[PDB]
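Chemist: Shown below is the structure under consideration.
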Amino acid sequence: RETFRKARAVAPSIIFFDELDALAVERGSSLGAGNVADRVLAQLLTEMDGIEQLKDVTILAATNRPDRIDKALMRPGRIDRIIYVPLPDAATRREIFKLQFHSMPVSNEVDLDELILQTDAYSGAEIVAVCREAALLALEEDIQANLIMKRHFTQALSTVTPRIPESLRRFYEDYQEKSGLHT
Amino acid sequence: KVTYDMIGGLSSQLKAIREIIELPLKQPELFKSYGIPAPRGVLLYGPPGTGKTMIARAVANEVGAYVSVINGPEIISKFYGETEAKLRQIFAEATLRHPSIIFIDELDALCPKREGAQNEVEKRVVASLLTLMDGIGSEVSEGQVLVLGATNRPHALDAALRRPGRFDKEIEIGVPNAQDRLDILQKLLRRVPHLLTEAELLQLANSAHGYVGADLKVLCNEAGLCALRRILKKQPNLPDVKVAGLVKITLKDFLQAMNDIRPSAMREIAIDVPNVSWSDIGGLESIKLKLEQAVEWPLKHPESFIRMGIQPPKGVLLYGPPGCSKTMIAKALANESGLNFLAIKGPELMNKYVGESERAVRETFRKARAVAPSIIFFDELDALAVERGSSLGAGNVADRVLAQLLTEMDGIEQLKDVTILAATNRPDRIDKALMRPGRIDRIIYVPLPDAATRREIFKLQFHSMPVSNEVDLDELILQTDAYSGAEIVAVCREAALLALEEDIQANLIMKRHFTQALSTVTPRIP
Amino acid sequence: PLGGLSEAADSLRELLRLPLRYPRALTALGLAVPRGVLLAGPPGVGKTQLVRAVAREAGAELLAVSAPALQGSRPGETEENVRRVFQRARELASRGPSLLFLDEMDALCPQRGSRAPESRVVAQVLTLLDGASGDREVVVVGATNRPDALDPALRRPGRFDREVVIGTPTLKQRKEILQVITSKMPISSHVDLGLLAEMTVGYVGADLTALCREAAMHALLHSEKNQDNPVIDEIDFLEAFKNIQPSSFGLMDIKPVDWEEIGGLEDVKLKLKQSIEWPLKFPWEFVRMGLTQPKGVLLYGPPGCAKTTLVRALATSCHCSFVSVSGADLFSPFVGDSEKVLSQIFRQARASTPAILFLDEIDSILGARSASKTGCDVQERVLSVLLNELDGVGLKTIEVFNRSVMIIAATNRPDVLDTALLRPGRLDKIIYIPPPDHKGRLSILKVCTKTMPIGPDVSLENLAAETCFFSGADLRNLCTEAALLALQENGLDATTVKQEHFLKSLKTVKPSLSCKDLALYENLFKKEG
């Protein structure tokens with residue numbers, strides 16, 4: 001409530017949401033816990049109602065399993081434009097690699113190509129963790145070495161596994177196809 | 001009018017307090033010889049009526065110097081100043097009466113804790129008391145003014161009092177014992193015409209379980225009145241001129257006046273050396289050996305075996321199937337080695353007393369330490385050591401009381417010459433958290449009895465039951481395997497029942513008796 | 001002397017000295033030093049004696065007035081007595097260090113829901129202190145036992161806020177104070193004071209004083225010949241200790257343990273080395289390496305591996321200040337204090353700013369959330385204050401002063417704990433601790449057995465083959481009991497031990513580490529991520 005009050009007070013502003021499905025576990029499962037959940041969701045609808053009052057006061061949200069929400073938020077008028085965030089392509093992966101190398105002294109045996117090749121089915125931040133662990137491995141090579149060796153990088157690549165299967169992308173795109181509006 | 005002899009027994013603490021009170025007054029130079037402060041605040045504690053006031057008055061006789069009895073609630077007047085200034089007058093006189101002693105009765109009323117004292121007059125007068133006490137430290141006052149005290153409950157006291165220079169000598173006085181029971185009986189009856197005999201008094205005292213000094217006074221007085229009642233009920237035209245001397249007490253008076261007595265014996269702590277022995281149930285020699293090792297050796301052998309000092313463990317859990325005379329063995333060892341046995345049974349602990357359960361635990365542990373060469377005990381502790389979580393309505397207390405139990409036991413070093421014996425028959429029930437070593441480590445399994453133990457127990461029964469010689473023990477032995485001591489003695493009881501049920505005046509348990517007994521019994525070994 | 005107190009003594013020395021050891025015109029340069037401190041703890045140990053001693057060391061008037069000796073019967077005389085004492089303190093400030101020492105403020109402060117005149121008393125002394133703030137050298141030391149016992153309204157900033165605890169009865173201080181006491185007492189010459197000390201767990205100094213007191217007391221009682229020189233024997237000392245009442249009650253494990261008392265899972269060992277101790281070298285490591293330090297790590301293994309041992313070995317191999325956090329240390333009968341000791345130990349971590357803090361068996365520390373729906377509110381309060389305080393962060397951006405404690409936890413029922421704990425940003429790493437394999441079993445048996453009396457007949461590898469589903473403690477108790485069997489049975493006074501006894505002891509300790517429970521544990525707490 002106070003959130004929305006301040007939002008109005010600072011009208012040129014944007015509300016944000018994340019992990020909506022957390023509060024969006026449907027009632028009946030937890031008998032004594034989902035009560036505050038539905039109260040909160042109801043009051044949320046009660047706040048957003050001032051759409052006219054929301055004079056160009058946009059609301060951005062994002063979640064992982066959009067199904068788990070109630071369509072009371074996905075009913076037309078309030079939250080209608082939808083976008084699936086596509087997994088990073090090769091160029092995006094290379095850009096992630098650039099933003100990574102720009103903060104660690106790396107060796108010259110680097111090769112962006114096969115790195116991008118053996119980093120599919122991964123997520124960006126996960127790949128950041130990969131190069132991070134490869135730096136850790138080089139640190140294990142010597143507590144005062146300078147440059148990480150890409151052999152150790154491949155070792156890390158072997159160690160890290162993509163805990164995200166392509167079936168998840170299949171489901172993502174299926175939901176995309178079988179949902180309401182996108183634009 | 002009450003010499004020390006008149007006080008019912010407990011001569012030990014009597015002499016203790018005797019010297020501890022007299023000698024300071026006599027020669028403070030002895031304390032000062034070894035650089036010792038003169039102990040100011042003594043305090044006794046125990047269940048009521050026990051002799052608190054009796055000790056008070058009797059020392060008030062024996063002193064030879066001033067004593068000023070001050071009953072507790074009498075000073076409680078909500079008029080401010082009156083209480084504290086009255087104390088002030090008391091202490092001024094205390095000064096003028098330099099060789100003297102001051103006592104306070106029911107001191108618990110004066111010092112309830114801030115959680116208990118819902119009046120702050122209490123807190124301020126406690127403050128003034130502290131001021132007084134510390135003020136007694138005047139060098140001219142030293143060795144002459146002295147403080148006494150007694151409560152109904154040392155727990156209901158306040159922490160601010162046992163601080164140094166204020167209250168150190170916390171002497172315990174509580175439930176008397178067998179010899180003490182007989183003693184206090186004799187002391188009470190010192191000046192009453194009685195129709196009692198020696199062995200009658202012995203067995204009578206034996207029948208006493210929880211009584212207290214003034215309570216026994218009530219008892220004997222009511223027996224005397226019952227005897228007077230019987231006398232005047234024989235003939236009702238007898239004025240007291242012909243009855244005040246002839247009346248004397250037999251046992252019947254005692255029994256009648258006794259069955260209507262609840263001698264405050266609902267929740268106590270009995271230092272009760274039992275009557276059991278190895279001879280009562282033999283066999284399983286290796287088990288009793290390993291146990292007496294684990295309990296006794298850690299003072300002698302791992303001392304001489306610190307050589308390979310792997311570890312002398314403390315917590316033992318030596319258990320097998322139920323009904324195998326376990327607790328019997330516990331008491332047996334406890335009395336045979338010569339330690340003061342205690343007991344807290346799991347079931348008897350199965351009470352909703354939040355904290356008060358743990359309170360009893362703590363008090364028992366403290367008594368144990370007070371009688372340090374000894375063995376604490378638990379029977380079926382899994383009653384409150386249930387598998388955690390399964391009981392949300394009764395185990396929620398169980399986890400926290402077990403944690404408190406920990407908090408106490410965890411003095412592995414406080415556990416020097418003090419061991420612990422829980423009990424159960426399902427090792428899976430026990431929680432390995434209470435077995436993360438350090439506290440309760442060694443374990444034995446006490447298996448089913450054997451043919452040797454079988455013939456042992458049968459010898460015991462035929463020694464305790466008139467039996468016919470034609471029933472050879474070896475027949476049972478050939479058919480009593482895979483039995484249990486409890487089951488076996490039940491078998492013997494049932495054979496006796498058959499013998500008396502066929503002929504109500506029989507004197508020999510014959511073969512058919514044992515036969516149909518076997519028919520009526522079975523090795524319930526599921 | 002200040003036996004067993006010199007460390008807290010010198011800390012308070014510097015603290016209270018700052019306004020007094022150094023002049024005022026610098027404060028007049030736009031600085032307002034805190035004035036008025038709290039000494040909370042069981043007194044008689046030296047608290048009075050130490051405040052005496054420090055007012056001496058600096059040079060100050062030991063105005064050791066006992067405020068409990070100022071109670072009044074009618075409202076108004078008390079305030080005049082306080083006027084007297086505080087005014088004398090004011091003229092002391094007019095002359096020099098007005099080291100007013102006023103003890104037992106909590107008895108002068110019955111908290112809310114109490115009567116009225118406490119309000120007048122506390123507000124009036126507040127006037128005194130707030131006015132004497134203008135005066136030059138006004139300082140007061142409220143001496144009590146527990147800060148909670150005092151008036152809440154007397155814990156504000158610019159009020160009694162600088163509060164310190166009496167010395168915790170440590171081993172070293174225990175010995176110090178025993179020696180200090182007997183420094184005027186004619187105890188027997190031969191004294192294994194350390195033994196008596198370690199018997200006296202939780203016993204504060206004053207307790208030890210009293211214990212020695214009754215000891216020598218019965219010494220003098222049951223002896224009459226040498227009326228002046230007592231050989232106060234350790235036997236009477238022991239028996240008195242026995243007689244004496246137990247103690248009333250963040251205990252760091254002084255016990256050091258290396259990487260030798262532990263074998264198996266050396267992978268997890270190197271992991272702990274990775275995410276904990278290399279940070280020591282960090283101030284230059286990530287510089288030439290990039291990656292930051294992961295805030296929190298959570299090690300989980302089946303209950304029975306004694307992970308606490310590994311944690312303590314880590315705390316050993318670093319020299320870093322270490323404090324432990326346990327539920328038994330935590331579950332005091334004061335509701336609302338758990339959060340408080342949490343904050344306190346974290347403040348201590350801040351104090352010894354290089355700090356490694358361990359959260360053992362947190363399922364015990366934090367129970368279930370919504371299993372018992374009638375008494376689980378203060379647990380969520382601890383949950384909230386935790387989630388708040390767990391935010392130890394710094395500049396840490398591209399010399400550096402590495403002022404950043406580290407927190408590591410371990411438990412056995414993570415599926416019970418609150419899920420928000422594992423937040424990336426609070427606990428950003430989790431590691432698995434499987435029960436040892438055949439090789440780990442072999443190794444841990446070898447190392448646990450390196451002091452038991454071994455015989456030339458044993459073959460550890462066979463046990464290793466058959467002692468599967470055995471925890472560390474399982475194998476340790478096993479070799480223990482088997483040694484016992486061998487020794488007692490054959491050599492009542494023995495020399496050797498046989499493996500037969502281990503074989504027999506196998507069934508005596510039923511190993512219920514079912515592999516199905518292993519798979520359950522692993523799946524549960526690997527999907528716990």
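A note on labels: chains of the structure tokens are A, B, ... as shown, every chain counts residues from 1, and ligands are counted from 1 in their shown order.
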List the spatial neighbours of residue B:416 as a VMD selection string - criterion: any atom at most 10 Å away, only C-alpha atoms, same-chain residues fewer than 4 positions off excluded.
Modeler: (chain B and resid 298 to 299 314 369 372 to 373 411 to 412) or (chain C and resid 199 242)
Chemist: At a cut-off of 12 Å, using only C-alpha atoms, what residues contact residue B:464? Leave out same-chain residues fewer than 5 positions from it and give the result as a VMD selection string.
Modeler: chain B and resid 280 457 to 459 489 492 to 493 496
Chemist: Quick one: everything within 8 Å of stretch 104-117 of chain A, counting only C-alpha atoms, minus sequence neighbours fewer than 4 positions away in the same chain. Send it as a ChimeraX atom specification.
Modeler: /A:90,93-94,97,100,146-150 /C:287-291
Chemist: Excluding stretch 188-193 of chain B and its own-chain neighbours fewer than 4 positions away, which residues fall within 10 Å of it when counting only C-alpha atoms? Please give them as a VMD selection string.
Modeler: chain B and resid 6 to 8 182 to 184 213 to 214 216 to 217 220 to 221 224 245 to 249
Chemist: Could you write out the selected residues, including N, CA and C atoms, as a CSV table (one decimal), in the first residue's frame?
Modeler:
```
chain,number,residue,atom,x,y,z
B,6,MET,N,16.2,-32.7,71.5
B,6,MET,CA,14.8,-32.7,71.1
B,6,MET,C,14.6,-32.6,69.7
B,7,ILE,N,15.5,-32.0,68.9
B,7,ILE,CA,15.3,-31.9,67.5
B,7,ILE,C,15.4,-33.3,66.9
B,8,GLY,N,14.4,-33.6,66.0
B,8,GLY,CA,14.4,-34.8,65.4
B,8,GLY,C,15.6,-35.1,64.5
B,182,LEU,N,13.0,-43.6,62.5
B,182,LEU,CA,13.0,-44.2,63.9
B,182,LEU,C,13.4,-43.2,64.9
B,183,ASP,N,14.5,-42.5,64.6
B,183,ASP,CA,15.0,-41.5,65.6
B,183,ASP,C,13.9,-40.5,66.0
B,184,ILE,N,13.3,-39.9,65.0
B,184,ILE,CA,12.3,-38.8,65.3
B,184,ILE,C,11.1,-39.5,66.0
B,213,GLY,N,8.6,-34.2,60.3
B,213,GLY,CA,8.7,-34.1,61.8
B,213,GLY,C,7.4,-33.7,62.4
B,214,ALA,N,6.9,-32.5,62.2
B,214,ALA,CA,5.6,-32.1,62.7
B,214,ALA,C,4.5,-33.0,62.2
B,216,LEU,N,4.7,-36.3,61.8
B,216,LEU,CA,4.7,-37.4,62.7
B,216,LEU,C,4.2,-37.0,64.1
B,217,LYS,N,4.5,-35.8,64.5
B,217,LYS,CA,3.9,-35.3,65.7
B,217,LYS,C,2.3,-35.4,65.7
B,220,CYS,N,1.4,-39.3,65.9
B,220,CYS,CA,1.4,-39.9,67.2
B,220,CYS,C,0.3,-39.3,68.1
B,221,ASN,N,0.1,-38.0,68.0
B,221,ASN,CA,-1.0,-37.3,68.8
B,221,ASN,C,-2.3,-37.9,68.5
B,224,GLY,N,-2.8,-41.3,69.9
B,224,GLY,CA,-3.1,-41.2,71.3
B,224,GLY,C,-4.6,-40.8,71.5
B,245,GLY,N,-4.3,-41.1,82.6
B,245,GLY,CA,-3.1,-41.8,82.8
B,245,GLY,C,-3.1,-43.2,82.2
B,246,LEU,N,-4.2,-43.9,82.2
B,246,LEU,CA,-4.2,-45.3,81.7
B,246,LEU,C,-4.1,-45.4,80.2
B,247,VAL,N,-4.5,-44.4,79.5
B,247,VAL,CA,-4.5,-44.5,78.0
B,247,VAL,C,-3.1,-44.6,77.5
B,248,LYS,N,-2.9,-45.6,76.6
B,248,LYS,CA,-1.7,-45.8,75.9
B,248,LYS,C,-1.9,-46.3,74.5
B,249,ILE,N,-0.9,-46.2,73.7
B,249,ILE,CA,-1.1,-46.4,72.2
B,249,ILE,C,-0.6,-47.7,71.8
```
Chemist: For chain C, work out the contacting residues on chain B at 7 Å, counting only C-alpha atoms, and write them as a list in words.
Modeler: residues 33, 34, 35, 36, 80, 81, 124, 127, 128, 131, 308, 310, 369, 370, 392, 403, 413, 414 and 445 of chain B
Chemist: I'd like to know which of C:362, C:398, C:154, C:318 is closest to chain A, using only C-alpha atoms.
Modeler: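 So, comparing all the options, the nearest one is C:398.
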Chemist: Name the residues in contact with residue B:201 at a cut-off of 9 Å, using only C-alpha atoms, excluding same-chain residues fewer than 4 positions from it; report them as JSON, numbers by chain.
Modeler: {"B": [182, 185, 186, 196, 197, 205, 206, 251]}
Chemist: Output the selection as a tab-separated table (two decimals), in the first residue's frame - N, CA and C atoms for each residue.
Modeler:
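New file selection_35.tsv:
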```tsv
chain	number	residue	atom	x	y	z
B	182	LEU	N	13.03	-43.60	62.53
B	182	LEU	CA	12.98	-44.22	63.85
B	182	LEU	C	13.44	-43.25	64.93
B	185	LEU	N	10.78	-40.71	65.63
B	185	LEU	CA	9.74	-41.40	66.39
B	185	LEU	C	10.09	-41.44	67.86
B	186	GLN	N	11.30	-41.90	68.18
B	186	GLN	CA	11.71	-42.01	69.58
B	186	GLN	C	11.72	-40.64	70.25
B	196	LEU	N	3.62	-49.32	73.17
B	196	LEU	CA	4.40	-49.74	72.02
B	196	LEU	C	5.59	-50.59	72.44
B	197	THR	N	6.07	-51.39	71.49
B	197	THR	CA	7.24	-52.24	71.67
B	197	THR	C	8.28	-51.89	70.62
B	205	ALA	N	7.90	-47.60	61.58
B	205	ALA	CA	8.76	-46.68	60.84
B	205	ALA	C	9.00	-47.18	59.43
B	206	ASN	N	9.15	-48.49	59.26
B	206	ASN	CA	9.28	-49.04	57.92
B	206	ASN	C	8.08	-48.69	57.06
B	251	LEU	N	-0.76	-50.50	68.22
B	251	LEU	CA	-0.59	-50.31	66.78
B	251	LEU	C	-1.89	-49.84	66.13
```
